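Pasting input-v8.pdb here (PDB, C-alpha atoms and all ligand atoms):
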```pdb
ATOM      1  CA  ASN Z   1      84.757  94.144 161.913  1.00  0.00           C
ATOM      2  CA  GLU Z   2      87.008  91.616 163.696  1.00  0.00           C
ATOM      3  CA  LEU Z   3      85.413  88.191 164.257  1.00  0.00           C
ATOM      4  CA  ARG Z   4      83.723  88.489 167.604  1.00  0.00           C
ATOM      5  CA  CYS Z   5      81.452  86.298 169.678  1.00  0.00           C
ATOM      6  CA  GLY Z   6      77.750  87.225 169.861  1.00  0.00           C
ATOM      7  CA  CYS Z   7      77.939  87.372 173.683  1.00  0.00           C
ATOM      8  CA  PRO Z   8      78.024  90.963 175.128  1.00  0.00           C
ATOM      9  CA  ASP Z   9      81.438  90.564 176.719  1.00  0.00           C
ATOM     10  CA  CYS Z  10      82.838  87.546 174.954  1.00  0.00           C
ATOM     11  CA  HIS Z  11      85.582  87.622 172.346  1.00  0.00           C
ATOM     12  CA  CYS Z  12      87.134  84.154 172.236  1.00  0.00           C
ATOM     13  CA  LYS Z  13      88.809  82.960 169.064  1.00  0.00           C
ATOM     14  CA  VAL Z  14      86.252  81.636 166.609  1.00  0.00           C
ATOM     15  CA  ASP Z  15      87.211  78.968 164.000  1.00  0.00           C
ATOM     16  CA  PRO Z  16      85.446  78.961 160.563  1.00  0.00           C
ATOM     17  CA  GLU Z  17      85.448  75.121 160.270  1.00  0.00           C
ATOM     18  CA  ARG Z  18      83.497  74.850 163.525  1.00  0.00           C
ATOM     19  CA  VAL Z  19      81.909  78.258 163.699  1.00  0.00           C
ATOM     20  CA  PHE Z  20      78.618  78.173 165.479  1.00  0.00           C
ATOM     21  CA  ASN Z  21      76.231  80.385 163.631  1.00  0.00           C
ATOM     22  CA  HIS Z  22      73.143  81.002 165.621  1.00  0.00           C
ATOM     23  CA  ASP Z  23      70.515  83.399 164.331  1.00  0.00           C
ATOM     24  CA  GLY Z  24      73.132  84.648 161.897  1.00  0.00           C
ATOM     25  CA  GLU Z  25      75.798  85.296 164.525  1.00  0.00           C
ATOM     26  CA  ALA Z  26      79.064  83.569 165.266  1.00  0.00           C
ATOM     27  CA  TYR Z  27      79.969  82.238 168.693  1.00  0.00           C
ATOM     28  CA  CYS Z  28      83.085  80.619 170.174  1.00  0.00           C
ATOM     29  CA  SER Z  29      81.154  77.693 171.565  1.00  0.00           C
ATOM     30  CA  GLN Z  30      77.777  75.991 171.233  1.00  0.00           C
ATOM     31  CA  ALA Z  31      77.136  77.298 174.741  1.00  0.00           C
ATOM     32  CA  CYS Z  32      77.224  81.019 173.842  1.00  0.00           C
ATOM     33  CA  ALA Z  33      75.180  80.330 170.711  1.00  0.00           C
ATOM     34  CA  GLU Z  34      72.284  78.964 172.716  1.00  0.00           C
ATOM     35  CA  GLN Z  35      72.718  81.483 175.578  1.00  0.00           C
ATOM     36  CA  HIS Z  36      74.140  78.671 177.761  1.00  0.00           C
ATOM     37  CA  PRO Z  37      71.063  76.332 177.928  1.00  0.00           C
ATOM     38  CA  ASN Z  38      72.900  73.518 179.722  1.00  0.00           C
ATOM     39  CA  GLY Z  39      74.125  76.207 182.082  1.00  0.00           C
ATOM     40  CA  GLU Z  40      77.603  75.681 180.751  1.00  0.00           C
ATOM     41  CA  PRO Z  41      79.791  78.759 180.185  1.00  0.00           C
ATOM     42  CA  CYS Z  42      82.364  78.859 177.411  1.00  0.00           C
ATOM     43  CA  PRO Z  43      85.747  76.920 177.519  1.00  0.00           C
ATOM     44  CA  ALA Z  44      87.556  80.071 178.717  1.00  0.00           C
ATOM     45  CA  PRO Z  45      87.874  79.607 182.510  1.00  0.00           C
ATOM     46  CA  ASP Z  46      88.585  83.309 183.005  1.00  0.00           C
ATOM     47  CA  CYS Z  47      85.761  84.689 180.868  1.00  0.00           C
ATOM     48  CA  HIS Z  48      82.827  86.478 182.519  1.00  0.00           C
ATOM     49  CA  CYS Z  49      80.294  86.547 179.679  1.00  0.00           C
ATOM     50  CA  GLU Z  50      76.656  86.201 180.889  1.00  0.00           C
ATOM     51  CA  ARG Z  51      78.110  85.991 184.419  1.00  0.00           C
ATOM     52  CA  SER Z  52      78.146  89.717 184.961  1.00  0.00           C
TER      53      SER Z  52
HETATM   54 CD    CD K   1      82.844  83.951 177.238  1.00  0.00          CD
HETATM   55 CD    CD K   2      84.074  82.529 174.950  1.00  0.00          CD
HETATM   56 CD    CD K   3      81.562  83.106 173.517  1.00  0.00          CD
HETATM   57 CD    CD K   4      78.762  83.341 176.564  1.00  0.00          CD
END
```
As structure tokens, how would this structure be written, given the file I've shared?
Ligand SMILES: [Cd+2]
Ligand SMILES: [Cd+2]
Ligand SMILES: [Cd+2]
Ligand SMILES: [Cd+2]
Amino acid sequence: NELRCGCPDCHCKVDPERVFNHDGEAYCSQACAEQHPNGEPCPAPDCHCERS
């Protein structure tokens, strides 16, 4: 299915040894997993997930 981030428009590279599984889904960062609680987007400075 191609390892993809739970975010609707996010597809950053996810690493198994640090995979953030939240509610059974994988995310690229702890930010996407928690729907960006600290208001912090993901490490990708060009990504627009949750922004748009
Ligand atoms: Cd993103
Ligand atoms: Cd990302
Ligand atoms: Cd993400
Ligand atoms: Cd996100």
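All residues of protein, DNA or RNA that reach within 9 Å of residue 29 (chain Z), judged by all atoms listed in the file and not counting those fewer than 3 positions away in the chain, are residues 5, 12, 14, 18, 19, 20, 26, 32, 33, 41, 42 and 43 of chain Z.
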Take the residues from that selection and put them in a file with C-alpha atoms, as a JSON list (two decimals), keeping the file's coordinate frame.
```json
[["chain", "number", "residue", "atom", "x", "y", "z"],
["Z", 5, "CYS", "CA", 81.45, 86.30, 169.68],
["Z", 12, "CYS", "CA", 87.13, 84.15, 172.24],
["Z", 14, "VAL", "CA", 86.25, 81.64, 166.61],
["Z", 18, "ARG", "CA", 83.50, 74.85, 163.52],
["Z", 19, "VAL", "CA", 81.91, 78.26, 163.70],
["Z", 20, "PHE", "CA", 78.62, 78.17, 165.48],
["Z", 26, "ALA", "CA", 79.06, 83.57, 165.27],
["Z", 32, "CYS", "CA", 77.22, 81.02, 173.84],
["Z", 33, "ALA", "CA", 75.18, 80.33, 170.71],
["Z", 41, "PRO", "CA", 79.79, 78.76, 180.18],
["Z", 42, "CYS", "CA", 82.36, 78.86, 177.41],
["Z", 43, "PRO", "CA", 85.75, 76.92, 177.52]]
```
How big is the axis-aligned box around the listed atoms of region 38-42 of chain Z once 3 Å is added on each side, and where is its centre? Give both in Å to one decimal, as lines of an AutoDock Vina configuration file.
```
center_x = 77.6
center_y = 76.2
center_z = 179.7
size_x = 15.5
size_y = 11.3
size_z = 10.7
```
Evaluate the PyMOL selection byres (((not hetatm)) within 12 of (chain K and resi 4)) against this structure - the residues, as a tab-separated table (two decimals) with C-alpha atoms, keeping the file's coordinate frame, please.
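Result file is part07.tsv:
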```
chain	number	residue	atom	x	y	z
Z	4	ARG	CA	83.72	88.49	167.60
Z	5	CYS	CA	81.45	86.30	169.68
Z	6	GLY	CA	77.75	87.22	169.86
Z	7	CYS	CA	77.94	87.37	173.68
Z	8	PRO	CA	78.02	90.96	175.13
Z	9	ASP	CA	81.44	90.56	176.72
Z	10	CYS	CA	82.84	87.55	174.95
Z	11	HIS	CA	85.58	87.62	172.35
Z	12	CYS	CA	87.13	84.15	172.24
Z	26	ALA	CA	79.06	83.57	165.27
Z	27	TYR	CA	79.97	82.24	168.69
Z	28	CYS	CA	83.08	80.62	170.17
Z	29	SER	CA	81.15	77.69	171.56
Z	30	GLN	CA	77.78	75.99	171.23
Z	31	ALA	CA	77.14	77.30	174.74
Z	32	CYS	CA	77.22	81.02	173.84
Z	33	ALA	CA	75.18	80.33	170.71
Z	34	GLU	CA	72.28	78.96	172.72
Z	35	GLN	CA	72.72	81.48	175.58
Z	36	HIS	CA	74.14	78.67	177.76
Z	37	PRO	CA	71.06	76.33	177.93
Z	38	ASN	CA	72.90	73.52	179.72
Z	39	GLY	CA	74.12	76.21	182.08
Z	40	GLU	CA	77.60	75.68	180.75
Z	41	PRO	CA	79.79	78.76	180.18
Z	42	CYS	CA	82.36	78.86	177.41
Z	43	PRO	CA	85.75	76.92	177.52
Z	44	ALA	CA	87.56	80.07	178.72
Z	45	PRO	CA	87.87	79.61	182.51
Z	46	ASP	CA	88.58	83.31	183.00
Z	47	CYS	CA	85.76	84.69	180.87
Z	48	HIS	CA	82.83	86.48	182.52
Z	49	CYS	CA	80.29	86.55	179.68
Z	50	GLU	CA	76.66	86.20	180.89
Z	51	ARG	CA	78.11	85.99	184.42
Z	52	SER	CA	78.15	89.72	184.96
```
Where atoms are absent from region 26-52 of chain Z, fill them in so it carries N, CA, C and O atoms, then output it as an mmCIF file, in the coordinates of the input.
```
data_model
loop_
_atom_site.group_PDB
_atom_site.id
_atom_site.type_symbol
_atom_site.label_atom_id
_atom_site.label_comp_id
_atom_site.auth_asym_id
_atom_site.auth_seq_id
_atom_site.Cartn_x
_atom_site.Cartn_y
_atom_site.Cartn_z
ATOM 1 N N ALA Z 26 78.026 84.524 164.941
ATOM 2 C CA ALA Z 26 79.064 83.569 165.266
ATOM 3 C C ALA Z 26 79.352 83.567 166.760
ATOM 4 O O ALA Z 26 79.291 84.608 167.422
ATOM 5 N N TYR Z 27 79.643 82.397 167.288
ATOM 6 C CA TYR Z 27 79.969 82.238 168.693
ATOM 7 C C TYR Z 27 81.177 81.320 168.836
ATOM 8 O O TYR Z 27 81.459 80.523 167.937
ATOM 9 N N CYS Z 28 81.887 81.427 169.956
ATOM 10 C CA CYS Z 28 83.085 80.619 170.174
ATOM 11 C C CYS Z 28 82.730 79.179 170.512
ATOM 12 O O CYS Z 28 83.475 78.249 170.192
ATOM 13 N N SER Z 29 81.594 79.000 171.150
ATOM 14 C CA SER Z 29 81.154 77.693 171.565
ATOM 15 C C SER Z 29 79.658 77.539 171.351
ATOM 16 O O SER Z 29 78.937 78.533 171.179
ATOM 17 N N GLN Z 30 79.193 76.291 171.371
ATOM 18 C CA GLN Z 30 77.777 75.991 171.233
ATOM 19 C C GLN Z 30 77.001 76.548 172.427
ATOM 20 O O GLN Z 30 75.805 76.816 172.338
ATOM 21 N N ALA Z 31 77.717 76.753 173.530
ATOM 22 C CA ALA Z 31 77.136 77.298 174.741
ATOM 23 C C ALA Z 31 76.657 78.737 174.531
ATOM 24 O O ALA Z 31 75.498 79.047 174.772
ATOM 25 N N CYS Z 32 77.552 79.602 174.061
ATOM 26 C CA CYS Z 32 77.224 81.019 173.842
ATOM 27 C C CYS Z 32 76.128 81.168 172.797
ATOM 28 O O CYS Z 32 75.274 82.042 172.904
ATOM 29 N N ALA Z 33 76.153 80.295 171.796
ATOM 30 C CA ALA Z 33 75.180 80.330 170.711
ATOM 31 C C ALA Z 33 73.760 80.178 171.227
ATOM 32 O O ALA Z 33 72.852 80.884 170.796
ATOM 33 N N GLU Z 34 73.589 79.273 172.162
ATOM 34 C CA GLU Z 34 72.284 78.964 172.716
ATOM 35 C C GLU Z 34 72.040 79.675 174.050
ATOM 36 O O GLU Z 34 71.136 79.304 174.801
ATOM 37 N N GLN Z 35 72.849 80.697 174.337
ATOM 38 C CA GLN Z 35 72.718 81.483 175.578
ATOM 39 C C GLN Z 35 72.931 80.615 176.823
ATOM 40 O O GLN Z 35 72.373 80.884 177.889
ATOM 41 N N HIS Z 36 73.770 79.595 176.674
ATOM 42 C CA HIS Z 36 74.140 78.671 177.761
ATOM 43 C C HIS Z 36 72.912 77.939 178.332
ATOM 44 O O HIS Z 36 72.554 78.129 179.490
ATOM 45 N N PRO Z 37 72.268 77.077 177.519
ATOM 46 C CA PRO Z 37 71.063 76.332 177.928
ATOM 47 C C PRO Z 37 71.375 75.279 178.987
ATOM 48 O O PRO Z 37 70.665 75.151 179.981
ATOM 49 N N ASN Z 38 72.462 74.544 178.776
ATOM 50 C CA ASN Z 38 72.900 73.518 179.722
ATOM 51 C C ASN Z 38 73.554 74.154 180.938
ATOM 52 O O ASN Z 38 74.067 73.463 181.811
ATOM 53 N N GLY Z 39 73.544 75.481 180.974
ATOM 54 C CA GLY Z 39 74.125 76.207 182.082
ATOM 55 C C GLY Z 39 75.630 76.234 182.016
ATOM 56 O O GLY Z 39 76.292 76.707 182.940
ATOM 57 N N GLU Z 40 76.175 75.743 180.918
ATOM 58 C CA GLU Z 40 77.603 75.681 180.751
ATOM 59 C C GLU Z 40 78.144 76.941 180.090
ATOM 60 O O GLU Z 40 77.692 77.334 179.016
ATOM 61 N N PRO Z 41 79.078 77.614 180.753
ATOM 62 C CA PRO Z 41 79.791 78.759 180.185
ATOM 63 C C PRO Z 41 80.725 78.302 179.060
ATOM 64 O O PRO Z 41 80.762 77.114 178.718
ATOM 65 N N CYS Z 42 81.474 79.216 178.492
ATOM 66 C CA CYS Z 42 82.364 78.859 177.411
ATOM 67 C C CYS Z 42 83.696 78.301 177.968
ATOM 68 O O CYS Z 42 84.008 78.491 179.148
ATOM 69 N N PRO Z 43 84.468 77.565 177.127
ATOM 70 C CA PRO Z 43 85.747 76.920 177.519
ATOM 71 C C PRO Z 43 86.712 77.822 178.303
ATOM 72 O O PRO Z 43 87.483 77.332 179.131
ATOM 73 N N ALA Z 44 86.687 79.120 178.026
ATOM 74 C CA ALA Z 44 87.556 80.071 178.717
ATOM 75 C C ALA Z 44 87.217 80.113 180.204
ATOM 76 O O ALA Z 44 86.129 80.553 180.582
ATOM 77 N N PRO Z 45 88.142 79.669 181.084
ATOM 78 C CA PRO Z 45 87.874 79.607 182.510
ATOM 79 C C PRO Z 45 87.982 80.969 183.191
ATOM 80 O O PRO Z 45 87.674 81.105 184.376
ATOM 81 N N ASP Z 46 88.423 81.969 182.448
ATOM 82 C CA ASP Z 46 88.585 83.309 183.005
ATOM 83 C C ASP Z 46 87.582 84.299 182.397
ATOM 84 O O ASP Z 46 87.573 85.486 182.736
ATOM 85 N N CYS Z 47 86.730 83.817 181.514
ATOM 86 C CA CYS Z 47 85.761 84.689 180.868
ATOM 87 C C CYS Z 47 84.569 84.940 181.793
ATOM 88 O O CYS Z 47 84.235 84.101 182.635
ATOM 89 N N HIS Z 48 83.934 86.097 181.645
ATOM 90 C CA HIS Z 48 82.827 86.478 182.519
ATOM 91 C C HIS Z 48 81.564 86.806 181.728
ATOM 92 O O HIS Z 48 80.675 87.502 182.232
ATOM 93 N N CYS Z 49 81.469 86.299 180.507
ATOM 94 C CA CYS Z 49 80.294 86.547 179.679
ATOM 95 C C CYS Z 49 79.059 85.925 180.327
ATOM 96 O O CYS Z 49 79.137 84.828 180.886
ATOM 97 N N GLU Z 50 77.935 86.658 180.298
ATOM 98 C CA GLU Z 50 76.656 86.201 180.889
ATOM 99 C C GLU Z 50 76.716 86.135 182.426
ATOM 100 O O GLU Z 50 75.684 86.178 183.092
ATOM 101 N N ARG Z 51 77.925 86.028 182.978
ATOM 102 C CA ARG Z 51 78.110 85.991 184.419
ATOM 103 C C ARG Z 51 77.763 87.337 185.016
ATOM 104 O O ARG Z 51 76.940 87.435 185.922
ATOM 105 N N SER Z 52 78.396 88.369 184.501
ATOM 106 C CA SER Z 52 78.146 89.717 184.961
ATOM 107 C C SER Z 52 77.040 90.367 184.131
ATOM 108 O O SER Z 52 75.850 89.977 184.318
#
```
